[PDB]
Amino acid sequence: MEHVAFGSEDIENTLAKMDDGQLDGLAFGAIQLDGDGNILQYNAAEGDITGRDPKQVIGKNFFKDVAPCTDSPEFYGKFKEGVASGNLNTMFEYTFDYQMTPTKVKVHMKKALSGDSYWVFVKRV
């Protein structure tokens, strides 16, 4: 299993080396999004949490299609603010409850080392 801690100061850097195979080895959920919010990667651990099938959600839009409950000022609001600014590093608790048993999580968003892309990292609390 891939050894990286939730909330690590250098997390973008560690994750930079990792293929979709390596993503799946993480102890927490990981989602890679473009600036429009389309899903570029989605790991196994995120799948275990939400019920979604990772391969199948690649290419969809997180905020419109997959996770409309995060389409709010306190999640999406912050995302787009980070994209506009070109910098994003924030951690909050939230409840996932779209077509599922409601599930409180800790969510951590950060800009990746790449270009124009962003991480969402997720663990149960």
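Residue positions are given as counts along the sequence shown, with the first one as 1. Between two forms, the rigid core is the largest collection of C-alphas that superpose within 1.5 Å.
*Asks:* Quick one: core-superposed, which stretch strays further from the shown model in 8 other deposited structures of this protein, 26-34 or 53-61? Go by RMS C-alpha distance.
*Replies:* It is 26-34 whose C-alphas lie farther from the shown form in 8 other deposited structures of this protein.
*Asks:* Identify the stretch, either 51-59 or 35-43, whose C-alpha atoms have the larger mean B-factor according to the entry.
*Replies:* Averaging CA B-factors over each stretch, the winner is 51-59.
*Asks:* So, looking at the entry's B-factor column for Cα atoms, which has the higher mean, 94-102 or 78-86?
*Replies:* Here the higher of the two C-alpha B-factor means belongs to 78-86.
*Asks:* How does the C-alpha B factor of residue 26 compare with the rest of the chain: lowest, middle or highest third?
*Replies:* Tercile = highest for this residue's CA B-factor.
*Asks:* Lowest, middle or highest third: where is residue 120 by Cα B-factor in its chain?
*Replies:* According to the entry, residue 120 has a C-alpha B-factor in the chain's middle third.
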